[PDB]
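Visitor: Submitted below is the structure of interest, expressed as structure tokens.
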Amino acid sequence: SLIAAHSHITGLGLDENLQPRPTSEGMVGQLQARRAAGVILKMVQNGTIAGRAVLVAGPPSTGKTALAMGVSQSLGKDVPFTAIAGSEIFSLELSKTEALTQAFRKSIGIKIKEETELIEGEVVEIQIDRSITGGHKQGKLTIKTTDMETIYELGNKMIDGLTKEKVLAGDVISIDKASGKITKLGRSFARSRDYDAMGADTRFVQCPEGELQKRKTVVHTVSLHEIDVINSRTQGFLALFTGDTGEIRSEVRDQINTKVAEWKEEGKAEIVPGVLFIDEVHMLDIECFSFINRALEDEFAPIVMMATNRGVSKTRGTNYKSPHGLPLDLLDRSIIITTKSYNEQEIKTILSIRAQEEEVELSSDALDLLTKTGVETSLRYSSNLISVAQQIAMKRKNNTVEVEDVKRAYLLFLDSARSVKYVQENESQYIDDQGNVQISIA
Amino acid sequence: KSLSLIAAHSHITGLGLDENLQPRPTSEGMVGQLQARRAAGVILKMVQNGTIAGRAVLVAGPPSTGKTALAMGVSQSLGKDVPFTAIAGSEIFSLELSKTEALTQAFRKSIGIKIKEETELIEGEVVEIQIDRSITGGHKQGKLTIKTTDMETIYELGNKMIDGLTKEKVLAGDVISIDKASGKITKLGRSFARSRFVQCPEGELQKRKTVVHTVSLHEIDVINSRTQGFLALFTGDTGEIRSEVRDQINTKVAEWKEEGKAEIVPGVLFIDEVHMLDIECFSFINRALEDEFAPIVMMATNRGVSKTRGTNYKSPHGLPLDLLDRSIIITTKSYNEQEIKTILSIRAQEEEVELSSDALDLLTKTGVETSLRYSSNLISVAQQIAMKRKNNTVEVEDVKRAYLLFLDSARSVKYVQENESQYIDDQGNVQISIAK
Amino acid sequence: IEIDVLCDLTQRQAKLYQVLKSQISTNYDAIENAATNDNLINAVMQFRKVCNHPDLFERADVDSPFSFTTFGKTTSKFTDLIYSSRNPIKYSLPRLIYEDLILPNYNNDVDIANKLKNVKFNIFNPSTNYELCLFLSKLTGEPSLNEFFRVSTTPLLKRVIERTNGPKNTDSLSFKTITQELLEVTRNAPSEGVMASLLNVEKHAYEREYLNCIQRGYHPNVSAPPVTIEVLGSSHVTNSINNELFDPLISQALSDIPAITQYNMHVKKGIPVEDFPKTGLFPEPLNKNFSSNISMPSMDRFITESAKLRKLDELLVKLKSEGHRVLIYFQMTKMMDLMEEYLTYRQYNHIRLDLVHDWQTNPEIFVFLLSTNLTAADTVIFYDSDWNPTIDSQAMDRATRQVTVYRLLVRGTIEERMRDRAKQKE
Amino acid sequence: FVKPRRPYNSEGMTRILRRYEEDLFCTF
Amino acid sequence: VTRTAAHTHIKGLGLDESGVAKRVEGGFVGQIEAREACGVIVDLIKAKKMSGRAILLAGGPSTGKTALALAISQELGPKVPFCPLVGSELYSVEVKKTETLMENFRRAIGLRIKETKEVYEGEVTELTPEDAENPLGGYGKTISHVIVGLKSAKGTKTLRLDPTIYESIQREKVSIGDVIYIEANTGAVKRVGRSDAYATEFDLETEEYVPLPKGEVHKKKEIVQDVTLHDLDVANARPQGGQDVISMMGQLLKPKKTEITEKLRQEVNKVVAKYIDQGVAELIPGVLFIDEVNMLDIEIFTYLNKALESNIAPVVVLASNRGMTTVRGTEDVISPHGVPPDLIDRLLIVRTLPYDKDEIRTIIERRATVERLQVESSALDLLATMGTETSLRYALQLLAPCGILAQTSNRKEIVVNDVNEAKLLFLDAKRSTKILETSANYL
Amino acid sequence: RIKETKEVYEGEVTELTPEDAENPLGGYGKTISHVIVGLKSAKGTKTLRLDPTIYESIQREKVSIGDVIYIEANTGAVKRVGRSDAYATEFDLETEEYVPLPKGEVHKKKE
Ligand SMILES: Nc1ncnc2c1ncn2[C@@H]1O[C@H](COP(=O)(O)OP(=O)(O)O)[C@@H](O)[C@H]1O
Ligand SMILES: Nc1ncnc2c1ncn2[C@@H]1O[C@H](COP(=O)(O)OP(=O)(O)O)[C@@H](O)[C@H]1O
Ligand SMILES: Nc1ncnc2c1ncn2[C@@H]1O[C@H](COP(=O)(O)OP(=O)(O)O)[C@@H](O)[C@H]1O
């Protein structure tokens, strides 16, 4: 859709022998962290070990979220990947343990196999009979093909699916029995009756050949949390979307656990374990860490991916100060992947890959200036300056971004340290921490 | 009694007092604290007189000295038909109700109104039920033969009785109780005609009876508060009952007492661990006893000069000074060796099979040394390890085994003190690894 | 030809194993060779009936919530029903409370104060307060000026039910927001519509994720009626709570009138269609499996709930050309349940105790269940419970000329313990 | 022998009928 | 094939007959006195006569309190209820903390009931309503009676229902030609599916087809059920199940946890006592496991010392990880294990002891066999040295990544090179803390 | 922003006929083959031959002769704007507001 900060990472950049390539899949650097992330990815793809906490550590602007998002990209489709942040837990309707439990149930997926039936043919005759108030409905639908013709009965849902997106005799429709979907492929008979109301006539299709009823088997993926909220109340399907689900009792949890194991042993369900990713896990509370260290010890718990950018900092809700903000009992459960800062070649590769993804034709000397800026200040600032320099080059009607555009962008927009010095130089103009200011020039 | 397993206060069947309120040394399961037990007897006679409104008593003393035992003894000696509400200090901090609202509800649950009502009831055994169900229209007719040990009669039944007997399908020989006013039959059971079973009812069909009804003022407040039905008494969503319906109920209760068709029965409200209430709750209790419809409040605390919650200063008993002014204090003392021996004797007598006497002496020595409650908890596990040895009695060596396994407080504290780096401290420092 | 298959313990079989393995002190008696040695014997047959299959020793009945009721039961040309479910909790009230607080009385002031607080001083009264009513008539564009008094004095469910479809005045300040216009523009809209498909994602998620064929996963354990209130000696309380539990407008709103009845008032009695008491407002459940909490016992759950019947139906699916026999002494003469299993779903030509001559003329009818020179059967499935191979060889001696052996095993159960001692004895 | 079709009780109802040449509506 | 959840190696306490502990049984290594005390507690549970007995499993991390609690649950059996809990569960944003505590207390106490239900089921051959006399009046229903024809094998009956039953009949959309199931206890009815006497190959609604039900109609069936006391409380507080408008409307609303009053609990206890004395009920008291009891504040403990002294309260077991720490919810009380001295007199402390090197090595061996990876002896000894040096848990969690690296290296054997690569890729807490100490980027 | 096209018929109804049918089934009050409606707008007048299913929408929405209506082609659902401006015949008392006769042609294809 749109280009974001993590548009360029397509995979973990990893060979089949679990060894990272120097530059592949839109990634560079962090070779040991990439190898460890690939090991965790292969652990998830095996899917037979539950509740392995993995913590990522490092300074800011190192590639922690890039590593996790590369894990999500290489993880493959139809396997769940929650990407919650630390602040989203603290709610006014859920408890924090309840919010953690709901994230845990969202992260774990079920691949339900269902047997369905497809019919497709030319519609012969409809015999919808309704009551006087219209509440109760029963009908007979008649459908043919080139080979054979069958008379089917009708229920409430099929009649109301025939009424909406209205079907006349002369149409070719396709019905799936397991889902109840109606797909009008077009009008085939081209009947001589043309009411003046109908202005949208579907395109002509050849009427189909062969047998109407074709056996089909399909698989669809639904997470544990969705089944939980579906079975929670009478109207549970709305609560997926409105999110008014809350403080769900443990009874439906254990009964759905037993039913899920039942569907597993008869072959209906194939559980795929997922990944829960909690960015900025230092934001959480001590009660949340207690529930986290006691929540990984279940069979229905995914691999939990954790991220921090803090040193020895205060654990929230508590007076003491702990490594990474995480207490010792949780830190002992986790296994830590470390990340280290970059150098000039890796930073140069980062901005080259970004400017390739930012469709900016950058000159080589401007690239060298951007690398010196990025090493000098931060990687994120030199990442952000490329689009601005592109806009400035567009204003001067030159496609290639040159050095003077980079210098003008650097002069117009301020980084962290220069802004800090500019605040410290004339601090009386800004409102002080004690709420003191001078707003007059004299 | 409902379903009751063996609990801590199960041996207490009331205050062991004579007619002149002098405490027997060991009676009704309770031994010792004779001055405190005499004081509780005087308070019991206050409540049984029922002419004194809104006094507060403070049962204060050391932990495990029988304060909760004293309150349970008062509640047991009070009997039924007098309301008793035992709440803790952590109950009234409600997420939906305010603190003063929860205190007002707990105050009004322990004030009761006694109403005598005379109803009509017909109860017997059905010899034979016939219905001439030739329903040409909606009308049907039938006859009922109902029998007791001294009655045998036939009834002509109207249409509504036929409707009421079609449901709750009465066969011949069943025992039914009929309310003629409301038309609700109850199938008590089937008589002795096997060839659930109940006895055939005795004679004098159509016998009026008096069912004495005691309801609390909280239920009348919930009913009269119009948007909450009686389902609030079970669901608990009464939700901030207004003061005007309370005033209306108080005036109606005074009218009923004056005109003599209702009698008011005062009760006792017991607050266990009163030291956890806030100063706002102490102010509401401080001004809540001046109402005439206020029960006799019992408060029990085991704190010294401690802080009062919601403030920052220290006060005696964990309570502010004006609340201590508005209450008389019952003191309780600790137990010597013989009292511990008698208590352990009673608890082991009820709880399980008998003990050998040297084992009972070892229990008494451990109870003196560590805690009464620790020895009482050691009793049952010593008996279970005696059954695992397949012996009836409990010997000294079973007590030694249970003493080796289950630690008291002092050994746990000491063993924590020699093993400090293995545990987690206040600063979250712990040496999980055992090497170096 | 000798083959052996070993099977994993199923979930219900394993939980039955654990709940009857616990006891007080079992000391693993059946795998302590108590069956080899010769109460111990009761635990041995209990472990055997558990370790084979649950329904061979108790029936898997219906799955229903526990009915917390006191309904009219019996001791056991139409039999009729009246709904008579009541809660066992009887809250008894005195008659003085009702007759002096709720009902009007000559010495009571309920009706007077009710009218004085709801009619005489209602601020939406047009007789006293006209300009306020005209104020809201200008605001909301209401056609009638008594409507505010009607809304202010109507219960919420009743006011929900009689929902009016009449459009308002067009000079009102009620300005319809763009979300309401979006919802009304798609109220009856086809597919392939740009504003149509944007405003229904729940039907797309329904059809994509196959929610029309999902199964019920949870049922409540206890279901109860509302707690009955029992006032002695008055019929007014009976009428009042019977009216409140079964209000015909609310009950009829959660209902549907039968079609031939709608014929009868619309044509035969000439009642206009809009004057029908409105129906059909009960919310539709998600699926046919979500309609009621009662779960029927499924045949497929019988097929899949056993460690050995699952692989057994897999085997007779695979085995067609050879008629086969079952040693039914794996459960000590239990013919009944396998009989129901394979003429309920896996129906075949069959014979079970002239009998020996029927399966040799054609192999289309299998020899099937017999309790142990009739070796004319093509094969025999003799599988386990043999801690002694003597009865095994004597059963296979009875048994065409070719004999084939099909052995079955469950791991973790007593079959591994008797069938590792007897394996070295062979 | 092939089992009979389910009985179709449609008494007391309006009828929508749509055919190849023309569409009907039977009402009350 | 089967997923391991860090406790699948534990199957029971592993005790012998006389209460002594075998050194290796049930996946337990060591902790002999703790296992014997927990077996005594299991025997006390199976006695089923006590109320409000409590134990605290004191000890450090990596010691086995949680293992002992699930060992108690495995030894007790799934019939007696076991309610695991964490201390952070007790804080709810919808109801008081104390009511959550008592709701878990009555979740622990179980019940065994056997109930007989009057059941009507059969194929619907006839379904004809009777019209009312004054339909537009609206003070009665639009019908008066509904005659229903039910047919099954061996019996056939005609059914003249009340309109309130026909409400549920029309709500399950019952047509002519399906097998239905009327439960006469509550008036609920379940539509099983269309009868297979007719043709079943022409519907479009993927209906299930059922044979004719065996036996007569008016079957009286006795079923056995296992329910908890809390489930009775939550059914009576929020009354779903009746056929009145209160129950039908109570189904549709979103449920909120409410403060269940004590009066409901006494009425439920009286009804259950009548079921006990009548002969169909047998009480099954259970075990409730509050893990991380340090996280509970002073209010829960203050209410807990009164809630344990009731006649019905189950046996609760407690776990604590901390030593001499301050109690949450207060700022002056310094107390062992985060537990106030008022509660500790009710409490029977069970101590657990840390591990040696050989115990750690055997635990690693059994955990590797449960996770179906075979190890080499020198690699197992290396992992034992790291388990002594870093923690037992770190050596446990490192087992799966060296297995992953072994499958990467096209072999089934774990060597010491895989252990060294697991050291190089992933780090424990101590090396991470030192890396935080040396770096100045607040890493 | 979303662009589309709206094919609508708008105007004032001068005549609507629930036209009958040959072979009128059996035991039925009516058998509507089609509904003919005559719309009038500013400088425009059309006769529309509709499907029978618009009849119950017409009968529900109180659509009679002397009203201004506004329908959609593909949905075929009537929306009654009100009565026409000229036909304020009950000049003493009225409730329903009188919309002016709509501008433009009877058939509009707006974007
Ligand atoms: N190895 C890498 N490959 C690709 N992009 C990277 C890499 N390392 C860092 N980045 C870039 O550095 C920025 C910071 O990484 P991220 O993890 O998102 O934030 P932080 O490192 O501050 O947690 C991201 O925009 C990302 O695009
Ligand atoms: N005088 C007594 N007679 C019998 N039992 C007693 C007595 N005093 C205390 N106990 C028992 O000691 C145990 C703990 O006492 P408790 O009531 O908790 O003391 P307190 O109320 O002072 O905390 C209880 O089981 C109680 O039955
Ligand atoms: N006695 C034991 N025998 C075998 N493994 C154990 C034992 N005790 C603990 N473990 C292992 O140590 C880990 C920690 O157990 P747990 O009780 O959950 O935490 P803690 O021991 O810190 O309370 C578990 O994964 C368990 O497999």
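We label chains A, B, ... in the order they appear in the structure tokens, count residues from 1 in each chain, and number ligands from 1 in the order shown.
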Using only C-alpha atoms and all ligand atoms, which residues of the polymer chains come no farther than 9 Å from ligand 3? I'd like the answer as an mmCIF file with C-alpha atoms, in the first residue's frame.
Guide:
```cif
data_model
loop_
_atom_site.group_PDB
_atom_site.id
_atom_site.type_symbol
_atom_site.label_atom_id
_atom_site.label_comp_id
_atom_site.auth_asym_id
_atom_site.auth_seq_id
_atom_site.Cartn_x
_atom_site.Cartn_y
_atom_site.Cartn_z
ATOM 1 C CA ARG A 294 3.280 -18.199 34.982
ATOM 2 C CA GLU A 297 3.848 -23.144 31.217
ATOM 3 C CA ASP A 329 12.503 -14.625 37.614
ATOM 4 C CA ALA E 5 4.715 -27.580 28.180
ATOM 5 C CA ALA E 6 7.654 -27.658 30.661
ATOM 6 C CA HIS E 7 5.721 -30.055 32.920
ATOM 7 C CA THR E 8 4.857 -33.033 30.694
ATOM 8 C CA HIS E 9 7.720 -34.994 32.273
ATOM 9 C CA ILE E 10 5.779 -34.916 35.570
ATOM 10 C CA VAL E 24 13.315 -41.677 40.545
ATOM 11 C CA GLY E 26 7.184 -39.782 37.900
ATOM 12 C CA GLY E 27 9.897 -37.516 36.539
ATOM 13 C CA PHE E 28 10.806 -36.211 39.993
ATOM 14 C CA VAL E 29 14.433 -35.953 41.061
ATOM 15 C CA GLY E 30 15.074 -35.223 44.709
ATOM 16 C CA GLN E 31 12.838 -33.130 46.973
ATOM 17 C CA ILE E 32 12.109 -36.157 49.140
ATOM 18 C CA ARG E 35 7.197 -35.054 48.066
ATOM 19 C CA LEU E 57 5.342 -24.015 49.389
ATOM 20 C CA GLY E 59 11.430 -21.964 48.329
ATOM 21 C CA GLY E 60 13.559 -20.257 45.755
ATOM 22 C CA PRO E 61 13.294 -20.236 41.991
ATOM 23 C CA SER E 62 13.991 -23.359 39.896
ATOM 24 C CA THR E 63 12.956 -25.487 42.858
ATOM 25 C CA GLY E 64 9.660 -27.196 42.075
ATOM 26 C CA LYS E 65 6.702 -25.694 43.976
ATOM 27 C CA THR E 66 4.628 -25.386 40.783
ATOM 28 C CA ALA E 67 5.801 -28.899 39.903
ATOM 29 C CA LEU E 68 4.559 -30.082 43.303
ATOM 30 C CA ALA E 69 1.176 -28.403 42.795
ATOM 31 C CA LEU E 70 0.628 -30.094 39.432
ATOM 32 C CA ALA E 319 3.544 -20.728 46.504
ATOM 33 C CA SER E 320 6.037 -17.992 47.321
ATOM 34 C CA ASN E 321 9.351 -17.107 45.716
ATOM 35 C CA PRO E 354 17.675 -26.236 45.953
ATOM 36 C CA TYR E 355 19.463 -28.718 43.721
ATOM 37 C CA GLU E 359 20.066 -33.746 40.251
ATOM 38 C CA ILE E 360 20.370 -31.014 37.616
ATOM 39 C CA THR E 362 19.337 -36.062 35.652
ATOM 40 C CA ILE E 363 16.642 -33.391 35.220
ATOM 41 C CA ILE E 364 18.301 -32.318 31.949
ATOM 42 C CA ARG E 366 14.766 -36.610 31.527
ATOM 43 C CA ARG E 367 13.740 -33.316 29.943
ATOM 44 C CA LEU E 392 18.728 -24.757 35.907
ATOM 45 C CA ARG E 393 16.132 -22.958 33.775
ATOM 46 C CA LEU E 396 16.492 -26.360 30.278
ATOM 47 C CA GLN E 397 15.548 -23.725 27.699
#
```
Visitor: Within 10 Å of chain C, which residues of chain A show up when using only C-alpha atoms, listed as a short mmCIF file (atom, residue, chain, number, x, y, z; two decimals) with N, CA and C atoms, in the first residue's frame?
Guide:
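File produced: out.cif:
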```cif
data_model
loop_
_atom_site.label_atom_id
_atom_site.label_comp_id
_atom_site.auth_asym_id
_atom_site.auth_seq_id
_atom_site.Cartn_x
_atom_site.Cartn_y
_atom_site.Cartn_z
N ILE A 112 -8.93 -25.43 10.71
CA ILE A 112 -10.10 -26.29 10.60
C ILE A 112 -10.24 -26.79 9.16
N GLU A 114 -12.76 -28.49 6.56
CA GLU A 114 -14.20 -28.64 6.38
C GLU A 114 -14.51 -29.19 5.00
N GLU A 115 -15.52 -30.04 4.94
CA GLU A 115 -15.98 -30.64 3.69
C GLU A 115 -17.14 -29.81 3.17
N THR A 116 -17.05 -29.39 1.91
CA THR A 116 -18.09 -28.54 1.35
C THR A 116 -18.62 -29.15 0.06
N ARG A 130 -43.60 -17.00 1.06
CA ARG A 130 -43.38 -16.29 2.31
C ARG A 130 -44.70 -16.17 3.05
N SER A 131 -44.61 -15.93 4.35
CA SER A 131 -45.80 -15.67 5.14
C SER A 131 -46.29 -14.25 4.89
N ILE A 132 -47.35 -13.87 5.60
CA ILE A 132 -47.95 -12.56 5.41
C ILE A 132 -47.04 -11.46 5.96
N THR A 133 -46.50 -11.67 7.16
CA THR A 133 -45.54 -10.73 7.71
C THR A 133 -44.16 -10.85 7.09
N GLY A 134 -43.90 -11.91 6.33
CA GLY A 134 -42.61 -12.10 5.70
C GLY A 134 -41.55 -12.69 6.59
N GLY A 135 -41.87 -13.02 7.85
CA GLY A 135 -40.86 -13.52 8.76
C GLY A 135 -40.40 -14.92 8.43
N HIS A 136 -41.33 -15.82 8.12
CA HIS A 136 -41.02 -17.22 7.88
C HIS A 136 -41.06 -17.48 6.38
N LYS A 137 -40.04 -18.16 5.87
CA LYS A 137 -39.88 -18.36 4.44
C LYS A 137 -39.56 -19.82 4.14
N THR A 163 -32.62 -13.19 -2.35
CA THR A 163 -33.35 -11.93 -2.44
C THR A 163 -32.39 -10.77 -2.59
N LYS A 164 -31.46 -10.63 -1.65
CA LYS A 164 -30.37 -9.68 -1.82
C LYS A 164 -29.46 -10.17 -2.93
N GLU A 165 -28.99 -9.23 -3.76
CA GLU A 165 -28.35 -9.50 -5.05
C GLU A 165 -29.26 -10.40 -5.89
N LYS A 166 -30.39 -9.80 -6.28
CA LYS A 166 -31.57 -10.54 -6.71
C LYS A 166 -31.32 -11.35 -7.98
N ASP A 176 -22.11 -22.44 -2.45
CA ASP A 176 -21.29 -23.27 -1.57
C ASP A 176 -22.14 -23.63 -0.36
N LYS A 177 -22.26 -24.93 -0.08
CA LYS A 177 -23.18 -25.36 0.97
C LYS A 177 -22.64 -25.04 2.36
N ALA A 178 -21.33 -25.14 2.55
CA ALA A 178 -20.78 -25.00 3.89
C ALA A 178 -20.75 -23.54 4.34
N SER A 179 -20.60 -22.62 3.40
CA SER A 179 -20.54 -21.21 3.73
C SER A 179 -21.82 -20.46 3.40
N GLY A 180 -22.63 -20.97 2.48
CA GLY A 180 -23.85 -20.29 2.10
C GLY A 180 -23.63 -19.05 1.26
N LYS A 181 -22.58 -19.03 0.44
CA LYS A 181 -22.33 -17.88 -0.41
C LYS A 181 -23.04 -18.06 -1.75
N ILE A 182 -23.42 -16.93 -2.34
CA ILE A 182 -24.14 -16.89 -3.60
C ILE A 182 -23.37 -16.01 -4.56
N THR A 183 -22.98 -16.56 -5.70
CA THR A 183 -22.14 -15.86 -6.67
C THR A 183 -22.82 -15.94 -8.03
N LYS A 184 -23.54 -14.88 -8.39
CA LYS A 184 -24.18 -14.81 -9.70
C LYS A 184 -23.13 -14.56 -10.78
N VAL A 218 -12.07 -27.76 1.82
CA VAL A 218 -11.32 -26.53 2.03
C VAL A 218 -10.90 -26.45 3.48
N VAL A 219 -9.87 -25.64 3.72
CA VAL A 219 -9.33 -25.42 5.05
C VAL A 219 -9.37 -23.92 5.33
N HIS A 220 -9.78 -23.56 6.54
CA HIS A 220 -9.80 -22.17 6.97
C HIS A 220 -9.20 -22.07 8.36
N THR A 221 -8.54 -20.95 8.62
CA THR A 221 -7.79 -20.76 9.85
C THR A 221 -8.54 -19.81 10.77
N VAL A 222 -8.75 -20.24 12.01
CA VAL A 222 -9.39 -19.42 13.03
C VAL A 222 -8.60 -19.54 14.33
N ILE A 227 -12.69 -18.37 18.51
CA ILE A 227 -13.58 -19.44 18.95
C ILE A 227 -14.07 -19.18 20.36
N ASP A 228 -13.19 -18.61 21.19
CA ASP A 228 -13.50 -18.31 22.58
C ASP A 228 -14.63 -17.28 22.64
N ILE A 230 -16.67 -16.44 20.18
CA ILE A 230 -17.84 -16.96 19.49
C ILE A 230 -18.68 -17.80 20.43
N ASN A 231 -18.03 -18.63 21.24
CA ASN A 231 -18.77 -19.45 22.19
C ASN A 231 -19.10 -18.71 23.47
N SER A 232 -18.57 -17.50 23.66
CA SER A 232 -18.76 -16.79 24.93
C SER A 232 -20.20 -16.37 25.16
N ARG A 233 -20.82 -15.71 24.18
CA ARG A 233 -22.16 -15.16 24.35
C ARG A 233 -23.04 -15.59 23.18
N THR A 234 -24.28 -15.09 23.18
CA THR A 234 -25.18 -15.36 22.07
C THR A 234 -24.75 -14.60 20.82
N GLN A 235 -24.46 -13.32 20.95
CA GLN A 235 -23.93 -12.51 19.86
C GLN A 235 -22.44 -12.32 20.13
N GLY A 236 -21.65 -13.28 19.68
CA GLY A 236 -20.22 -13.21 19.88
C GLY A 236 -19.50 -12.77 18.63
N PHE A 237 -20.14 -12.96 17.47
CA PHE A 237 -19.49 -12.62 16.21
C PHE A 237 -19.33 -11.12 16.06
N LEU A 238 -20.23 -10.34 16.68
CA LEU A 238 -20.06 -8.90 16.68
C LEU A 238 -18.85 -8.49 17.52
N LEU A 240 -16.00 -9.72 17.97
CA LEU A 240 -14.74 -9.66 17.24
C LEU A 240 -14.48 -8.27 16.71
N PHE A 241 -15.52 -7.60 16.23
CA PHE A 241 -15.33 -6.34 15.53
C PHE A 241 -15.51 -5.15 16.44
N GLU A 251 -14.49 -21.01 32.41
CA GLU A 251 -15.22 -22.21 32.03
C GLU A 251 -15.21 -22.42 30.52
N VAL A 252 -15.45 -21.36 29.76
CA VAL A 252 -15.43 -21.47 28.30
C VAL A 252 -14.01 -21.74 27.82
N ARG A 253 -13.01 -21.24 28.56
CA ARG A 253 -11.62 -21.53 28.25
C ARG A 253 -11.30 -23.01 28.36
N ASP A 254 -11.67 -23.65 29.47
CA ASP A 254 -11.31 -25.06 29.63
C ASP A 254 -12.16 -25.95 28.72
N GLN A 255 -13.44 -25.60 28.53
CA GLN A 255 -14.28 -26.40 27.65
C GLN A 255 -13.82 -26.30 26.20
N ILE A 256 -13.37 -25.13 25.77
CA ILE A 256 -12.87 -24.98 24.41
C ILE A 256 -11.51 -25.66 24.27
N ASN A 257 -10.71 -25.70 25.35
CA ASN A 257 -9.46 -26.46 25.31
C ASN A 257 -9.72 -27.94 25.10
N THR A 258 -10.70 -28.49 25.82
CA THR A 258 -11.07 -29.89 25.62
C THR A 258 -11.63 -30.14 24.23
N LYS A 259 -12.48 -29.23 23.74
CA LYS A 259 -13.08 -29.40 22.42
C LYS A 259 -12.04 -29.27 21.31
N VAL A 260 -11.06 -28.40 21.51
CA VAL A 260 -9.99 -28.22 20.54
C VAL A 260 -9.11 -29.46 20.49
N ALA A 261 -8.82 -30.05 21.65
CA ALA A 261 -8.09 -31.31 21.67
C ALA A 261 -8.90 -32.44 21.04
N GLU A 262 -10.23 -32.40 21.21
CA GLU A 262 -11.10 -33.37 20.55
C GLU A 262 -11.02 -33.26 19.03
N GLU A 265 -7.86 -34.72 17.81
CA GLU A 265 -7.57 -36.15 17.74
C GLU A 265 -8.43 -36.82 16.68
N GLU A 266 -9.57 -36.22 16.33
CA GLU A 266 -10.32 -36.87 15.25
C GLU A 266 -9.87 -36.42 13.87
N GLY A 267 -8.95 -35.47 13.78
CA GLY A 267 -8.41 -35.06 12.50
C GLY A 267 -9.06 -33.85 11.89
#
```
Visitor: Using only C-alpha atoms and a distance of at most 6 Å, pull out the residues of chain D that contact chain A, as a ChimeraX atom specification.
Guide: /D:13-20
Visitor: Taking only C-alpha atoms into account, what are the residues of chain C at most 8 Å from chain B, put as number ranges by chain?
Guide: C: 71-74, 80-84, 93-95, 97, 101-102, 227, 232-235, 238
Visitor: What is the atom CA of residue 222 of chain B to atom CA of residue 256 of chain E distance in Å?
Guide: 20.4 Å
Visitor: Tell me, in Å to one decimal, how far atom CA of residue 310 of chain E is from atom 19 (O, counted along the ligand's line) of ligand 2.
Guide: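 Value for the atom CA of residue 310 of chain E-atom 19 (O, counted along the ligand's line) of ligand 2 distance: 14.1 Å.
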Visitor: Determine the nearest neighbour of residue 76 of chain F from the options A:196, A:376, A:415, A:117, counting only C-alpha atoms.
Guide: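 The answer is A:196, which sits nearest to residue 76 of chain F.
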Visitor: Quick one: residues within 7 Å of residue 230 of chain C, only C-alpha atoms, excluding same-chain residues fewer than 5 positions away - as a list in words?
Guide: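 Returned residues: residues 90, 91, 92 and 93 of chain C.
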Visitor: Throw together the list of residues within 8 Å of ligand 2, counting only C-alpha atoms and all ligand atoms, and drop it here as a VMD selection string.
Guide: chain B and resid 7 to 12 29 to 33 61 to 70 300 302 332 339 343 346 to 347 372 to 373 376
Visitor: Which value, in Å to one decimal, gives the distance between atom CA of residue 79 of chain B and atom CA of residue 105 of chain B?
Guide: 22.2 Å
